[PDB]
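Here is the file query_36.cif (mmCIF, N, CA and C atoms and all ligand atoms).
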```cif
data_protein
#
loop_
_atom_site.label_atom_id
_atom_site.label_comp_id
_atom_site.auth_asym_id
_atom_site.auth_seq_id
_atom_site.Cartn_x
_atom_site.Cartn_y
_atom_site.Cartn_z
N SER A 1 -156.08 138.91 33.53
CA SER A 1 -155.34 139.71 34.50
C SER A 1 -154.34 138.86 35.28
N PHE A 2 -153.23 139.49 35.67
CA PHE A 2 -152.20 138.77 36.42
C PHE A 2 -152.75 138.23 37.73
N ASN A 3 -153.38 139.09 38.53
CA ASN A 3 -153.91 138.64 39.81
C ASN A 3 -155.09 137.70 39.64
N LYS A 4 -155.87 137.86 38.57
CA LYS A 4 -157.01 136.98 38.35
C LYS A 4 -156.57 135.56 38.03
N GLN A 5 -155.43 135.39 37.37
CA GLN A 5 -155.01 134.06 36.95
C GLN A 5 -154.52 133.23 38.14
N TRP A 6 -153.62 133.78 38.95
CA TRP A 6 -153.13 133.01 40.09
C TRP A 6 -154.16 132.93 41.21
N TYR A 7 -155.15 133.83 41.22
CA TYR A 7 -156.32 133.61 42.07
C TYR A 7 -157.09 132.38 41.61
N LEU A 8 -157.30 132.26 40.30
CA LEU A 8 -157.95 131.07 39.75
C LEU A 8 -157.13 129.82 40.02
N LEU A 9 -155.81 129.91 39.85
CA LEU A 9 -154.95 128.75 40.06
C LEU A 9 -154.90 128.36 41.53
N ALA A 10 -154.90 129.35 42.43
CA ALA A 10 -154.90 129.04 43.86
C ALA A 10 -156.22 128.38 44.27
N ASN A 11 -157.33 128.78 43.64
CA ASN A 11 -158.61 128.15 43.94
C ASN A 11 -158.62 126.69 43.51
N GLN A 12 -158.06 126.40 42.33
CA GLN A 12 -158.01 125.02 41.86
C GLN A 12 -157.10 124.17 42.75
N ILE A 13 -155.98 124.75 43.20
CA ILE A 13 -155.03 123.99 44.01
C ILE A 13 -155.62 123.69 45.38
N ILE A 14 -156.23 124.70 46.02
CA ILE A 14 -156.81 124.49 47.34
C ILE A 14 -157.98 123.53 47.27
N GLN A 15 -158.66 123.47 46.12
CA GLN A 15 -159.77 122.53 45.97
C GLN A 15 -159.26 121.11 45.84
N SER A 16 -158.11 120.92 45.18
CA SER A 16 -157.53 119.59 45.06
C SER A 16 -157.02 119.08 46.40
N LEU A 17 -156.55 119.98 47.26
CA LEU A 17 -156.16 119.58 48.61
C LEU A 17 -157.37 119.14 49.43
N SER A 18 -158.53 119.76 49.19
CA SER A 18 -159.74 119.36 49.91
C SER A 18 -160.23 118.00 49.45
N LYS A 19 -160.00 117.65 48.19
CA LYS A 19 -160.40 116.35 47.65
C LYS A 19 -159.36 115.27 47.88
N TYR A 20 -158.17 115.63 48.37
CA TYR A 20 -157.13 114.64 48.62
C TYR A 20 -157.54 113.72 49.77
N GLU A 21 -157.08 112.47 49.70
CA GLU A 21 -157.42 111.47 50.69
C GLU A 21 -157.00 111.93 52.09
N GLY A 22 -157.97 112.04 52.99
CA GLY A 22 -157.73 112.55 54.32
C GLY A 22 -157.69 114.05 54.44
N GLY A 23 -157.88 114.78 53.34
CA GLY A 23 -157.79 116.23 53.37
C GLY A 23 -158.90 116.91 54.15
N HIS A 24 -159.97 116.17 54.47
CA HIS A 24 -161.10 116.76 55.19
C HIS A 24 -160.71 117.23 56.59
N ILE A 25 -159.63 116.68 57.16
CA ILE A 25 -159.23 117.09 58.50
C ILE A 25 -158.65 118.49 58.51
N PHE A 26 -158.19 118.99 57.36
CA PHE A 26 -157.69 120.35 57.25
C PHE A 26 -158.71 121.31 56.66
N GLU A 27 -159.93 120.84 56.38
CA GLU A 27 -160.93 121.70 55.75
C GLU A 27 -161.40 122.79 56.70
N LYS A 28 -161.83 122.41 57.89
CA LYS A 28 -162.33 123.36 58.88
C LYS A 28 -161.34 123.50 60.02
N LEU A 29 -161.52 124.58 60.79
CA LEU A 29 -160.69 124.80 61.97
C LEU A 29 -161.05 123.79 63.05
N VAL A 30 -160.04 123.41 63.83
CA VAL A 30 -160.23 122.38 64.85
C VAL A 30 -161.15 122.89 65.95
N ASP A 31 -162.17 122.10 66.28
CA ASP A 31 -162.99 122.35 67.45
C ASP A 31 -162.30 121.70 68.65
N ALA A 32 -161.90 122.53 69.62
CA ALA A 32 -161.09 122.03 70.73
C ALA A 32 -161.84 121.02 71.57
N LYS A 33 -163.13 121.25 71.81
CA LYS A 33 -163.92 120.33 72.63
C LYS A 33 -164.31 119.08 71.85
N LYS A 34 -164.80 119.26 70.61
CA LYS A 34 -165.29 118.13 69.84
C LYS A 34 -164.16 117.17 69.47
N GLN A 35 -163.01 117.70 69.05
CA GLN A 35 -161.89 116.87 68.64
C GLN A 35 -161.04 116.38 69.81
N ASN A 36 -161.47 116.64 71.05
CA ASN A 36 -160.80 116.11 72.25
C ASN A 36 -159.35 116.57 72.33
N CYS A 37 -159.13 117.86 72.08
CA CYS A 37 -157.81 118.48 72.15
C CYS A 37 -157.95 119.88 72.74
N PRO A 38 -158.17 119.97 74.05
CA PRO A 38 -158.44 121.27 74.67
C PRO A 38 -157.24 122.21 74.68
N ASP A 39 -156.04 121.73 74.40
CA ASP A 39 -154.84 122.55 74.40
C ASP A 39 -154.40 122.95 73.00
N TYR A 40 -155.27 122.77 72.00
CA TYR A 40 -154.86 123.00 70.62
C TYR A 40 -154.50 124.46 70.39
N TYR A 41 -155.34 125.38 70.86
CA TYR A 41 -155.11 126.80 70.66
C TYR A 41 -154.22 127.42 71.73
N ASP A 42 -153.75 126.62 72.69
CA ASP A 42 -152.63 127.03 73.52
C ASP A 42 -151.30 126.74 72.83
N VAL A 43 -151.29 125.76 71.93
CA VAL A 43 -150.10 125.40 71.17
C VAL A 43 -150.07 126.07 69.81
N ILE A 44 -151.22 126.14 69.14
CA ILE A 44 -151.34 126.75 67.82
C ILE A 44 -151.93 128.14 68.01
N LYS A 45 -151.09 129.16 67.83
CA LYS A 45 -151.51 130.55 67.98
C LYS A 45 -151.94 131.19 66.67
N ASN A 46 -151.67 130.54 65.54
CA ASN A 46 -152.07 131.03 64.22
C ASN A 46 -152.77 129.91 63.47
N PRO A 47 -153.99 129.56 63.86
CA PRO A 47 -154.69 128.46 63.20
C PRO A 47 -155.08 128.81 61.77
N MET A 48 -155.16 127.78 60.93
CA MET A 48 -155.46 127.97 59.52
C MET A 48 -156.06 126.69 58.97
N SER A 49 -157.06 126.83 58.10
CA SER A 49 -157.73 125.69 57.49
C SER A 49 -157.93 125.97 56.01
N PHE A 50 -158.32 124.93 55.28
CA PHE A 50 -158.61 125.09 53.85
C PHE A 50 -159.75 126.08 53.64
N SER A 51 -160.76 126.05 54.52
CA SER A 51 -161.88 126.98 54.39
C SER A 51 -161.45 128.42 54.64
N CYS A 52 -160.48 128.63 55.53
CA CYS A 52 -159.94 129.97 55.74
C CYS A 52 -159.30 130.50 54.46
N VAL A 53 -158.52 129.65 53.79
CA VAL A 53 -157.87 130.05 52.55
C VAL A 53 -158.89 130.28 51.45
N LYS A 54 -159.93 129.44 51.39
CA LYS A 54 -160.97 129.63 50.38
C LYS A 54 -161.70 130.94 50.57
N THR A 55 -161.95 131.32 51.83
CA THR A 55 -162.62 132.59 52.09
C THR A 55 -161.76 133.77 51.66
N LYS A 56 -160.45 133.71 51.94
CA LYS A 56 -159.56 134.80 51.55
C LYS A 56 -159.47 134.93 50.04
N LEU A 57 -159.47 133.80 49.32
CA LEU A 57 -159.52 133.85 47.87
C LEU A 57 -160.87 134.37 47.37
N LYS A 58 -161.94 134.10 48.11
CA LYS A 58 -163.26 134.58 47.71
C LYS A 58 -163.39 136.08 47.94
N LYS A 59 -162.94 136.56 49.10
CA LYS A 59 -163.09 137.96 49.46
C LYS A 59 -162.02 138.86 48.85
N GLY A 60 -160.93 138.29 48.35
CA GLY A 60 -159.86 139.09 47.79
C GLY A 60 -158.95 139.69 48.84
N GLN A 61 -158.45 138.85 49.75
CA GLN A 61 -157.57 139.28 50.82
C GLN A 61 -156.09 139.12 50.49
N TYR A 62 -155.76 138.38 49.43
CA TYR A 62 -154.37 138.17 49.04
C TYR A 62 -153.94 139.23 48.03
N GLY A 63 -152.80 139.85 48.29
CA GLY A 63 -152.25 140.82 47.36
C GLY A 63 -151.14 140.24 46.51
N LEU A 64 -150.46 139.22 47.04
CA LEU A 64 -149.34 138.58 46.37
C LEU A 64 -149.56 137.08 46.32
N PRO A 65 -149.10 136.41 45.26
CA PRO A 65 -149.27 134.95 45.18
C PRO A 65 -148.55 134.20 46.28
N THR A 66 -147.53 134.79 46.90
CA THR A 66 -146.83 134.14 48.00
C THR A 66 -147.68 134.08 49.26
N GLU A 67 -148.63 135.00 49.42
CA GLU A 67 -149.48 134.98 50.61
C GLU A 67 -150.36 133.74 50.64
N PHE A 68 -150.74 133.22 49.47
CA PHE A 68 -151.50 131.98 49.42
C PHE A 68 -150.64 130.80 49.88
N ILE A 69 -149.39 130.74 49.41
CA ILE A 69 -148.51 129.63 49.77
C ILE A 69 -148.23 129.63 51.27
N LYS A 70 -148.09 130.82 51.86
CA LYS A 70 -147.76 130.90 53.28
C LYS A 70 -148.90 130.42 54.15
N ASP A 71 -150.14 130.74 53.78
CA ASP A 71 -151.28 130.29 54.57
C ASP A 71 -151.46 128.78 54.49
N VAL A 72 -151.22 128.20 53.31
CA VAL A 72 -151.33 126.75 53.16
C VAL A 72 -150.22 126.06 53.94
N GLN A 73 -148.99 126.57 53.83
CA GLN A 73 -147.88 125.99 54.58
C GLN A 73 -148.09 126.14 56.08
N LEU A 74 -148.82 127.17 56.50
CA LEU A 74 -149.13 127.33 57.92
C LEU A 74 -149.99 126.18 58.44
N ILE A 75 -150.89 125.66 57.59
CA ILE A 75 -151.70 124.52 57.98
C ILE A 75 -150.82 123.31 58.27
N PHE A 76 -149.88 123.03 57.36
CA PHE A 76 -148.99 121.88 57.53
C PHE A 76 -147.97 122.12 58.63
N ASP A 77 -147.58 123.38 58.86
CA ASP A 77 -146.67 123.67 59.96
C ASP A 77 -147.36 123.53 61.31
N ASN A 78 -148.61 123.99 61.41
CA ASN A 78 -149.39 123.74 62.61
C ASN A 78 -149.62 122.25 62.82
N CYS A 79 -149.74 121.49 61.73
CA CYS A 79 -149.98 120.05 61.83
C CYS A 79 -148.76 119.34 62.42
N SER A 80 -147.59 119.55 61.83
CA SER A 80 -146.38 118.91 62.33
C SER A 80 -145.99 119.40 63.72
N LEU A 81 -146.47 120.57 64.13
CA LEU A 81 -146.15 121.08 65.45
C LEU A 81 -146.96 120.39 66.54
N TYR A 82 -148.29 120.36 66.39
CA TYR A 82 -149.14 119.82 67.44
C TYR A 82 -149.15 118.30 67.46
N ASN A 83 -148.96 117.66 66.31
CA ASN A 83 -149.12 116.22 66.20
C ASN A 83 -147.76 115.51 66.19
N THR A 84 -147.69 114.39 66.91
CA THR A 84 -146.46 113.61 66.98
C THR A 84 -146.10 113.08 65.59
N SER A 85 -144.79 112.99 65.33
CA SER A 85 -144.29 112.72 63.98
C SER A 85 -144.93 111.49 63.34
N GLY A 86 -145.29 110.49 64.13
CA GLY A 86 -145.82 109.27 63.59
C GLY A 86 -147.33 109.13 63.60
N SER A 87 -148.06 110.10 64.13
CA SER A 87 -149.50 109.98 64.28
C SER A 87 -150.20 110.00 62.92
N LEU A 88 -151.46 109.57 62.92
CA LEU A 88 -152.26 109.56 61.69
C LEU A 88 -152.39 110.96 61.10
N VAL A 89 -152.64 111.96 61.96
CA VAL A 89 -152.81 113.33 61.47
C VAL A 89 -151.51 113.84 60.86
N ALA A 90 -150.39 113.60 61.54
CA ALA A 90 -149.11 114.08 61.03
C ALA A 90 -148.74 113.40 59.72
N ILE A 91 -149.09 112.12 59.58
CA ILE A 91 -148.80 111.41 58.33
C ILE A 91 -149.55 112.05 57.17
N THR A 92 -150.85 112.28 57.35
CA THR A 92 -151.65 112.88 56.29
C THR A 92 -151.21 114.31 56.01
N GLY A 93 -150.76 115.03 57.04
CA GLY A 93 -150.24 116.37 56.82
C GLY A 93 -149.02 116.37 55.93
N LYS A 94 -148.08 115.46 56.21
CA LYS A 94 -146.89 115.34 55.37
C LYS A 94 -147.26 114.90 53.95
N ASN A 95 -148.29 114.07 53.82
CA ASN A 95 -148.71 113.61 52.50
C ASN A 95 -149.24 114.76 51.66
N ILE A 96 -150.19 115.52 52.21
CA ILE A 96 -150.80 116.61 51.46
C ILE A 96 -149.80 117.73 51.22
N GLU A 97 -148.89 117.96 52.18
CA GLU A 97 -147.85 118.97 51.98
C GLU A 97 -146.98 118.63 50.79
N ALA A 98 -146.57 117.36 50.68
CA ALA A 98 -145.80 116.94 49.52
C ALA A 98 -146.61 117.07 48.24
N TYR A 99 -147.91 116.76 48.31
CA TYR A 99 -148.77 116.94 47.15
C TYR A 99 -148.93 118.41 46.81
N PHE A 100 -149.07 119.26 47.83
CA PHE A 100 -149.23 120.69 47.59
C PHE A 100 -147.98 121.29 46.96
N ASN A 101 -146.80 120.91 47.45
CA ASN A 101 -145.56 121.45 46.89
C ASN A 101 -145.35 121.01 45.45
N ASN A 102 -145.79 119.80 45.10
CA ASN A 102 -145.67 119.35 43.72
C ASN A 102 -146.69 120.04 42.82
N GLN A 103 -147.86 120.38 43.36
CA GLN A 103 -148.87 121.08 42.56
C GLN A 103 -148.41 122.49 42.21
N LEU A 104 -147.69 123.14 43.12
CA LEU A 104 -147.17 124.47 42.83
C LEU A 104 -146.23 124.47 41.63
N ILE A 105 -145.64 123.32 41.32
CA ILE A 105 -144.73 123.21 40.19
C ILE A 105 -145.48 122.84 38.91
N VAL A 106 -146.36 121.84 38.98
CA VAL A 106 -147.01 121.34 37.77
C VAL A 106 -148.06 122.32 37.25
N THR A 107 -148.68 123.09 38.14
CA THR A 107 -149.63 124.10 37.70
C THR A 107 -148.94 125.37 37.22
N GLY A 108 -147.66 125.55 37.54
CA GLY A 108 -146.97 126.77 37.21
C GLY A 108 -147.21 127.91 38.18
N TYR A 109 -147.76 127.63 39.36
CA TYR A 109 -148.01 128.69 40.33
C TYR A 109 -146.72 129.35 40.78
N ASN A 110 -145.61 128.61 40.79
CA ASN A 110 -144.33 129.20 41.15
C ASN A 110 -143.91 130.28 40.16
N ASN A 111 -144.36 130.18 38.91
CA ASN A 111 -144.05 131.21 37.93
C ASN A 111 -144.67 132.54 38.32
N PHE A 112 -145.90 132.51 38.84
CA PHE A 112 -146.49 133.73 39.38
C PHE A 112 -145.72 134.24 40.59
N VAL A 113 -145.15 133.33 41.37
CA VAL A 113 -144.32 133.74 42.50
C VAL A 113 -143.03 134.39 42.02
N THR A 114 -142.40 133.80 40.99
CA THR A 114 -141.14 134.33 40.49
C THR A 114 -141.33 135.73 39.90
N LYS A 115 -142.36 135.91 39.08
CA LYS A 115 -142.58 137.21 38.46
C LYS A 115 -143.01 138.25 39.49
N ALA A 116 -143.66 137.82 40.58
CA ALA A 116 -144.11 138.76 41.60
C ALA A 116 -142.96 139.28 42.46
N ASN A 117 -141.94 138.45 42.70
CA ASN A 117 -140.82 138.89 43.52
C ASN A 117 -139.98 139.94 42.80
N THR A 118 -139.86 139.84 41.47
CA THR A 118 -139.12 140.85 40.72
C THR A 118 -139.88 142.17 40.68
N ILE A 119 -141.21 142.11 40.60
CA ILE A 119 -142.01 143.33 40.62
C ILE A 119 -141.80 144.09 41.92
N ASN A 120 -141.72 143.37 43.04
CA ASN A 120 -141.53 143.98 44.34
C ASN A 120 -140.07 143.86 44.79
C1 LIG B 1 -155.48 119.52 61.59
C2 LIG B 1 -156.35 118.63 62.41
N1 LIG B 1 -157.57 118.18 61.94
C3 LIG B 1 -158.20 117.36 62.86
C4 LIG B 1 -159.53 116.77 62.58
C5 LIG B 1 -160.59 117.68 62.44
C6 LIG B 1 -161.87 117.21 62.18
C7 LIG B 1 -162.10 115.83 62.05
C8 LIG B 1 -161.06 114.88 62.19
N2 LIG B 1 -161.39 113.45 62.04
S1 LIG B 1 -161.84 112.36 63.27
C9 LIG B 1 -162.38 110.88 62.49
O1 LIG B 1 -162.92 112.89 64.02
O2 LIG B 1 -160.71 112.10 64.08
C10 LIG B 1 -159.74 115.36 62.46
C11 LIG B 1 -158.58 114.41 62.61
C12 LIG B 1 -157.35 117.28 64.00
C13 LIG B 1 -156.18 118.09 63.70
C14 LIG B 1 -155.10 118.18 64.72
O3 LIG B 1 -154.20 119.02 64.55
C15 LIG B 1 -154.95 117.35 66.00
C16 LIG B 1 -156.00 117.53 67.11
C17 LIG B 1 -157.42 117.42 66.56
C18 LIG B 1 -157.50 116.55 65.30
#
```
Written as C-alpha cells, that's how I'd like the structure from this file.
Amino acid sequence: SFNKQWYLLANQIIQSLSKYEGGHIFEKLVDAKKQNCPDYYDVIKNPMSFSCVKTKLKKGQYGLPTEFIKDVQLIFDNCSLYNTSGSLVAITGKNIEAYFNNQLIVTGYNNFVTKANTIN
C-alpha cells in the first residue's frame, strides 16, 4: 500500500535519528525542572520529540508523508530557537537535521512526497 510504505520508511528514518550520536536528547520531551530550563515551554509553544513522532506513526495520525517531515523539522526548529547557535544542543540539532535531510533523499521518502503533492 502507498501509505503503508512511507509509514514503514518514516519508522526506519525516525529510528535512525534515535540511534544517531547525541540523538537521545531529542527522544523524549524536555522536562523543564529536570533539565534546568524552566522557560522552555514559554519559548517553545509546539514541542516535539522523536517519541511523539513514533507514537503518531504507531497510532496512524499522519495522512500525508509531508506531515512526518514537518514534525521532525519542528524538533530541529525548536532546537535552533531555544538554544544558542554554538551550544552543544544546537550543534547536535544541526548535525541530525543534516542527517535527516540526507536520509529523505537516499531512502526515497521525497518520492512519496512528490507523488502525494500531485494527488492533492
Ligand atoms: C532538545 C533538548 N534536549 C535536551 C536534553 C534532554 C534530555 C537529556 C539531555 N542530556 S543532559 C546530559 O542531561 O544534558 C538533554 C540535553 C535539552 C534540549 C533543549 O532544547 C535545551 C534545554 C534542555 C536540554
### Task
Assign secondary structure with DSSP using the backbone only, and return the residues of region 61-107 of chain A in alpha helix (DSSP H) as a VMD selection string.
chain A and resid 65 to 82 88 to 106
#### Entry: Within 9 Å of ligand LIG 1 (chain B) (only C-alpha atoms and all ligand atoms), residues as a VMD selection string
chain A and resid 22 to 32 34 to 40 44 48 to 49 75 to 76 78 to 83 88 to 90 93
### Query
Between atom N of residue 120 (chain A) and atom C of residue 14 (chain A), what is the spacing in Å?
26.0 Å
#### Entry: Test item: residues at most 10 Å from region 58-64 of chain A, only C-alpha atoms, excluding those fewer than 3 positions along its chain, as a list in words
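Listed by chain and then number, they are residues 3, 6, 7, 11, 52, 53, 54, 55, 67, 68, 69, 112, 113, 116, 117 and 120 of chain A.
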Test item: axis-aligned box, all listed atoms of region 12-16 of chain A, 8 Å on each side, centre and edges in Å rounded to one decimal, as lines of an AutoDock Vina configuration file:
```
center_x = -157.4
center_y = 122.7
center_z = 44.6
size_x = 20.7
size_y = 23.3
size_z = 21.5
```
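If all atoms listed in the file are the atoms counted, then among A:87, A:41, A:33, A:65 the closest residue to residue 109 (chain A) is A:65.
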